[PDB]
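Every read-out reported here was derived from the displayed coordinates using simple, explicitly stated rules and does not represent laboratory data. Heads up, the Cβs are rebuilt from the backbone with ideal geometry, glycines too, and the neighbour counts pull from every protein chain shown.
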Number of protein chains: 4
Amino acid sequence: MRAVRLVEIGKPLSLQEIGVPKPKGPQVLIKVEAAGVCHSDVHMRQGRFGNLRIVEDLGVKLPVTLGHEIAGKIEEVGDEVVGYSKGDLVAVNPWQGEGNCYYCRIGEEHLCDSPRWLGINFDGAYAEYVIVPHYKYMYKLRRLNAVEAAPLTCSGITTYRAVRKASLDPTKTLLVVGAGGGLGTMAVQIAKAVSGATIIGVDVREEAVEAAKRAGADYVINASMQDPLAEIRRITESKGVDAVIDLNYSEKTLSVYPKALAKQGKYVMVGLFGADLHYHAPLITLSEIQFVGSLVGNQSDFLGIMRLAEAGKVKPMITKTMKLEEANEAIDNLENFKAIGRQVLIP
Amino acid sequence: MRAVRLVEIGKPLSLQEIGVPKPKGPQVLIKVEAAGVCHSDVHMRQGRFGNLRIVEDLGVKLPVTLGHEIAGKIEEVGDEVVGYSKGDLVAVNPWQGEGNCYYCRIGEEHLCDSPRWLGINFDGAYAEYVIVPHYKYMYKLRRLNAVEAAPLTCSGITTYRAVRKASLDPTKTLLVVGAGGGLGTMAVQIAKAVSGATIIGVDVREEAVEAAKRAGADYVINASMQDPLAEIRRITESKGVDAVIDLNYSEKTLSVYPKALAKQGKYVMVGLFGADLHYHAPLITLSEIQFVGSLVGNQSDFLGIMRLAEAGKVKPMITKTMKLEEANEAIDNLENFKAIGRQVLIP
Amino acid sequence: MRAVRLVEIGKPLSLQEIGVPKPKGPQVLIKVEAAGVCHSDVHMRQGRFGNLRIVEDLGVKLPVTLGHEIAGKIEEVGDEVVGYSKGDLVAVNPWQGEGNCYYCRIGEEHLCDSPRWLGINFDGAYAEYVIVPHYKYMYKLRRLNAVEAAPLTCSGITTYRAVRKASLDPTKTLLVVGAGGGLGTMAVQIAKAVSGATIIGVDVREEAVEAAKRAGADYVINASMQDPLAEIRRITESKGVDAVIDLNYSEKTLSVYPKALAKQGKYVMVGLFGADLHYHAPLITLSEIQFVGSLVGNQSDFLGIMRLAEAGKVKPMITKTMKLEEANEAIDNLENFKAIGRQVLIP
Amino acid sequence: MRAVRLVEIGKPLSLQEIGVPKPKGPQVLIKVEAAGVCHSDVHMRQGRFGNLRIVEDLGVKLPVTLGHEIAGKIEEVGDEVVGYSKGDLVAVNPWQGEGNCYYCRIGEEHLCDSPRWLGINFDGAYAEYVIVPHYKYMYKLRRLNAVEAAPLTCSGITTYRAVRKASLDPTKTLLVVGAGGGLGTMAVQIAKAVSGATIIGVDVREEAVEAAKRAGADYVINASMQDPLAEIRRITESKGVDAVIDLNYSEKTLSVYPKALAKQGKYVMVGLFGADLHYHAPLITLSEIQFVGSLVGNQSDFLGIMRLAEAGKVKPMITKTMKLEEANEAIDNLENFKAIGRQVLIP
Ligand SMILES: [Zn+2]
Ligand SMILES: [Zn+2]
Ligand SMILES: [Zn+2]
Ligand SMILES: [Zn+2]
Ligand SMILES: [Zn+2]
Ligand SMILES: [Zn+2]
Ligand SMILES: [Zn+2]
Ligand SMILES: [Zn+2]
């Protein structure tokens, strides 16, 4: 099969012809129909995963096949696989744990001490076939097709968990920074579909602000025009928001929006963008605010988002299909910020 | 009656002879038997409450009578008071709310938009009598005497809530910074009495380290000798602690102990000590750690700690009784760090 | 003013001309614009409140003015009232606590040891004016008018809390029994607006089944035609529902629907309909199911539902306005089951 | 190896000489050093597991080797096993799931749709060796020896989870029925070690009542002498208990103790004893009480109890060691109620 792999750090990804794995035990072999590409892949091609080294820190034995956003048809199964048949359309949770550690025993597999992340330190979906270590990490698609589901295994589960960490309910108000972007609109849809909270979205361009409203935001704010903090104080009547979800934060967002927090407000940070949180401790203690990290998600999170998307209660991202061979080009577009919607490869 | 009050910011507290209030409605009049003094009172005499102004920010109309740590005998009751009689020994929750705001409706009275904090922006226990706005904020003492209960209305409820915000359970490990101090040993006792978690205490002097163990710490660390972080990694087998409770933190503690955090670990900050939290955002997101503020506590917290202390399940602080007239002297001792145990005035 | 009151148990309610109360302290005087009537009022006119005696058990000193569903204009305020002015349109939470007991201290006011329930053991809204003990129990209306808000202080807060006790999330499925009735459709709307869960509604007539779907049910079942349990097993693929909310249950519902429960499923019982729960203990233990009671709700619940209704995220019940003088007639209609929608009196 | 197995329902267990399994993949082979026997084994020898049929309902292919309480030395490992070596002393969690179903994905493995329960529908510890499907279900012993740990894999995890379902905290009071028995004292120790709640134990004989106090109960009640309900009302000052944990309940306990429940109280039912819960629905709704089932527990529960026992924070049951050959005799003793403490076989 064809495979686009990270052969040498720095250089561009290399197309190779390698053997097709034979699944044993609980393993499943998927014929890839959709392989999502996100900004994470820019870092990956560099050797890092958010200021790390898939090589030094995550023990990768180059080359590895990228592609952590996976959907496709079951091609073959090991003899321990139960509940799935050749031909089933499935999406795959790539954030897998080994089972024995603390995080795996308490149901936080994605935080496993020895992660098995498909597309990051295990061969991924940038190929005609990919091996799924255990069939339990799959979800049968009935409403969505591969292209629509694949991005959900990453952006879907990520914003789903962030909304959860926002501890929302009908009595609260949520601020989504960058609400007009791909991640942002996903967050808005998920918040509206599951919390009942009042949703405020803020973005910089007009199209974005428009998109956030379409996604279901109760209030939208163009930071280019009005003062975000002033508008939030107006809308919340000076209380502030009970939660902020800052998707792919920056030095900017982190220096601004924490000021919008209401007492007991939670500032949920997502993404690996290199920035530092500077903040006056006494402020944190007086207001009982909280800064909380969030990355990808667990089996429960995956189950939840897939259930929402298959229910139609949440809508597929704007995607742009491309060829397996255009992998580098797709990553370049993200590295240059010229990417249309979510780019998905079709082997 | 005699009252020691904050007449003029900066100057020392002034002894005055003023009228004894007559309780109406749900109000209760207490004859003060114990008036605790804590570092908070140092700031108070300065006009601030953790980088604030009881004058400008908290609307105080000087003079105010200090004393937010209150225990005593019921002297008289308004005609709406139910369930308490003249002569009852009670401790008092000073962190009162008005009832109508968000925080009051959700049971977080202490975070009320228009707080009624006895001893801070309402006359307190530095007097022979003090008025309690509503009888619901009291707890009848049966096992403890005034001197033993008074500190619990502040240090007791404060560490009780911090332990709660640490989200502990038997499968987790907790690090208490400054575990040998007054607050610190309180935290250790409360953690051991209610969480089942493994408790690690760290302090700087040997007596302190000894005190933390007596308080019930499973492990104690003298940071003066060994490397705290190395020892924690050993004890936790490299996982890190699931929670840190940093009582009266500093630039030091905040720059050191967050490194001991395990994934999903919570760093609970308490106290108003002027310092800033500097930390690399990507680290927060990868590890899903959380920085959480905590100040005083609510009716549930007060109820919980009082119930623990009256049960003997938690022990009274080391106290040092003094006279109402030695108020300034008592605050000076704290301002100079020469204070023995918790100083309590006895009008 | 005119007042329709319970003068003598058994007999019909009596119209009287009595004095208008003068609010003192935190009290508020409301000019009633909407006084809802629900089946609860049938029992009330009998002397009971769900197999009780407002007389013997709830200490009523007949006569009492009924009307626990209250909305109206502020006519006057005591001198302690803050944040509301003469003329404001408000809805009122009648399930008030005294403040001092366990339930009041932990934020469950409605379960207070010495309840102050307006319209049940305190004079209610069946009059031109009604006194609200404390202004904190109000919510300013901006979108809804009195008639639309009044029912929410009872059916709204009740189903809101039941949905909460159902512990729903996107990964779960909820069964609402009687989903076509007034309460039922309220439950469906609230579930859809705040949980993200898949919602299954079951009712007996076709109009009802239709109404449940309009309310937003994902699946509806006419028990008159198909087998409820078979259909649920189909829809849930044999798992069963994670929660059932049985509004105004009966011997029937209780003997049928608990069979639809999935493991760890919660059966939420609402209403005072006289029936007994019979069930095989071993079944409960093997499946870890739970039977949970729920009645009215607390300040947080009230806040949540009012916030949803004012947001439009939940819609007003079908109401039928009547005159204060038609009180008995309105209760008769419920006692005979000929009542149109929710009947609201307009003094 | 020797194995005592359920060859034919009804008849007594049969000693056989069968092959020793060879572990592959993540499997581990344990040399059994302790095989606990509990009342569950009485039902097992009958063909049922709490009104079921390991044959018809749980798909057993007789014969099966009993023994769901397992501790021992690692004899051999499959080539996928990580983190354990030949010779390690471990205890084993027998309540295993397959991974793919709802319950497995949300971290409730023990409620798996296709359970793998060692000693019940998979060969167990009544033998010289037993195969553990996956190494993640183990816990390395350092403080406890096999005999002390083995019972914890059942009675330990069971009461640990029940205490959890009791939702206790310092402000609450817990009633443990049968507090003097083996399970009962385990519950008391766990409650005291992890909740901070006031603990009331009730039992029938004096020795038992004495044992409950030793286990750490704050209050004990001999139902043979005093009226349980009267005493509870006294102790709780008429509030009632916030939770009851009824271990191996009966028609008796279920008809009595639910009356001790305080509002919002949880009645936690454990065990498969054949009885029905009869209770007046209106009572449940007015008081918001809850009836909750509980059986065994999950990986988190197992982790928690093992962590408590290895910490010494909870003490080993009173055990009585016997020989693998005395299996039937041991089950007979339980079937006749003449068993000393917890009987453990030593192959
Ligand atoms: Zn991605
Ligand atoms: Zn792991
Ligand atoms: Zn203090
Ligand atoms: Zn307030
Ligand atoms: Zn009503
Ligand atoms: Zn109360
Ligand atoms: Zn057992
Ligand atoms: Zn399963």
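Annotations for the structure displayed:
- Sorted from shortest to longest, the distances between the C:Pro21 label points of this copy and the other copies are 2.6, 7.1, 7.2 nm, with each point 7 Å from Cα along the line through the beta carbon.
- Over the stretch D:159-295: Rg over Rh, Cα atoms, Kirkwood Rh: 0.92
- Normalised by residue count, the stretch C:1-154 yields a Cα convex hull volume of 110 Å³ per residue.
- Members of C:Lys263/D:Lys165; A:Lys86/A:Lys140; C:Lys140/C:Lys320; A:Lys11/A:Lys252 lying beyond 20 Å, as alpha-carbon distances in this model show: C:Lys140/C:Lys320; A:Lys11/A:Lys252
- This ranking places B:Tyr84, D:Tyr160 by how few other beta-carbon atoms lie within 10 Å of each, fewest first, which gives B:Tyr84, D:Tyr160.
- About its Cα centre, the dipole of chain D is roughly 620 debye, where the only charges are +1 on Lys and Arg Cβ and -1 on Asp and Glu Cβ.
- Size of electric dipole in the stretch B:1-150: Cβ of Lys, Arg +1 and of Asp, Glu -1, about Cα centre, debye, nearest 20: 180
- Packing-based exposure ordering (other Cβ within 10 Å, fewest first) of D:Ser167, D:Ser195: D:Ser167, D:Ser195
- The relative contact order of chain A comes to 19 percent, based on Cα pairs under 8 Å that sit 6 or more residues apart.
- At an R0 of 30 angstrom, the distance between the Cβ atoms of B:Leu62 and B:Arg2 translates into a FRET efficiency of 0.95.
- Counting neighbouring beta carbons within 10 Å and listing from fewest to most, the residues C:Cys154, A:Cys112 come out as A:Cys112, C:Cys154.
- Ranking A:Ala212, A:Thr285, A:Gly184 by how far each Cα lies toward the positive end of the dipole of the stretch A:159-295 (charges on Cβ) leaves A:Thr285 at the top.
- Between D:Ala260, D:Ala281, D:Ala208, the GNM of chain D built on Cα springs shorter than 10 angstrom shows D:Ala281 fluctuating the most.
- Cα lying deepest toward the dipole's positive end in the stretch B:36-194, options B:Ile120, B:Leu175, B:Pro133, charges on Cβ: B:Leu175
- GNM on chain C, alpha-carbon springs under 10 angstrom: the most fluctuating residue among C:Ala193, C:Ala35, C:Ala243 is C:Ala193.
- FRET efficiency estimate (nearest 0.05) - Cβ-Cβ, D:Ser250 to B:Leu15, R0 60 angstrom: 0.30
- Cα centroid separation, the stretch D:200-275 to the stretch B:1-24: 52 Å.
- Tail weight of P(r) past 66 Å, computed on alpha-carbon pairs of the protein assembly as shown, percent: 8
- With Rh defined as the Kirkwood radius, the inverse of the mean 1/r over Cα pairs, the Rg/Rh of the stretch A:74-170 is 0.99.
- Karplus-derived 3J(HN,Hα), 6.51/-1.76/1.60, for each residue of the stretch B:112-127, Hz, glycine and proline x: 3, 5, 9, x, 10, 9, 4, x, 10, 10, 9, 3, x, 7, 6, 5
- On the beta carbon distance between C:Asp79 and D:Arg234, with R0 = 45 Å, the FRET formula returns roughly 0.55.
- Qualifying trypsin sites (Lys or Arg not before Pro) in the stretch B:120-226, DSSP loop, other Cβ atoms within 10 Å at most 16: B:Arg142, B:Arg143, B:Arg205
- The angle between the Cα long axis of helix B:182-194 and the longest principal axis of the Cα atoms of chain B comes to about 70 degrees, rounded to the nearest 10.
- For A:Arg342, distant residues with modelled amide H under 5 Å away: A:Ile318, A:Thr319, A:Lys320
- Cα gyration tensor shape for the stretch B:52-130, rounded if a/c is under 1.5, else prolate or oblate: oblate
- Shortest-first distances to equivalent copies, position D:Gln226, nm, label 7 Å out along Cβ: 4.6, 5.7, 6.5
- Fraction of antiparallel bridges per DSSP, the protein assembly as shown only, in percent to nearest 5: 55
- Trypsin sites (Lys or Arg not before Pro) within the stretch B:263-332, DSSP loop, no more than 12 other Cβ atoms inside 10 Å: B:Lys323
- The helix-based estimate of mean residue ellipticity at 222 nm for chain B, built from -39,500 (n - 2.57) per DSSP H run of four or more residues and divided by its residue count, is -7000 deg cm²/dmol to the nearest 500.
- Under 5 Å between amide hydrogens, built in the peptide plane, is the criterion, and for C:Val92 it picks out C:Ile70 among residues at least 5 positions away or on other chains.
- Axis of helix B:299-310 versus longest Cα principal axis of chain B: the two differ by about 80°, to the nearest ten degrees.
- With kT/(6 pi eta Rh) evaluated at 10 °C and eta = 1.306 mPa s, and Rh the Kirkwood radius from Cα pairs, the stretch B:118-195 diffuses with a coefficient of 109 µm²/s according to Stokes-Einstein.
- Derived scalar couplings between HN and Hα for the stretch A:275-289 equal 8, 10, 8, 10, 6, 6, 3, x, 4, 4, 6, 5, 8, 6, 6 Hz in order, rounded to whole Hz, by the Karplus curve 6.51 cos²θ - 1.76 cosθ + 1.60 (θ = phi - 60°), x for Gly and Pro.
- Chain B: angle of helix B:155-165 to the longest principal axis, Cα-based, in degrees nearest 10: 40
- Against the rule of thumb 2.2 N^0.38 Å, how large the Cα Rg of the stretch A:1-92 comes out: 1.21
- Net dipole in debye of the stretch C:92-174 [+1 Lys, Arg Cβ; -1 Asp, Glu Cβ; about Cα centre; nearest 20]: 400
- The stretch B:226-303: C-alpha gyration tensor shape, a/c 1.5 cut-off, then a/b vs b/c: prolate
- DSSP beta bridges in chain B [antiparallel fraction, %, rounded to 5]: 50
- Take every DSSP beta bridge whose two residues both sit in the stretch D:60-144; close to 90 percent of them are antiparallel.
- Across the alpha-carbon set of chain B, the Rg to Rh ratio works out to 0.98, Rh being the Kirkwood radius.
- Along the stretch A:81-88 the Karplus relation, 6.51 cos²θ - 1.76 cosθ + 1.60 evaluated at θ = phi - 60°, assigns HN-Hα couplings of 5, 10, x, 9, 10, 3, x, 4 Hz to successive residues, with x for each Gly and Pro.
- Nearest-first distances (nm) between copies at B:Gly83, label 7 Å from Cα via Cβ: 2.3, 4.8, 4.9
- Around the amide H of A:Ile221, modelled in the peptide plane, lie the amide H atoms of A:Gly201, A:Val202, A:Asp203, all under 5 Å away and 5 or more residues distant in sequence or on another chain.
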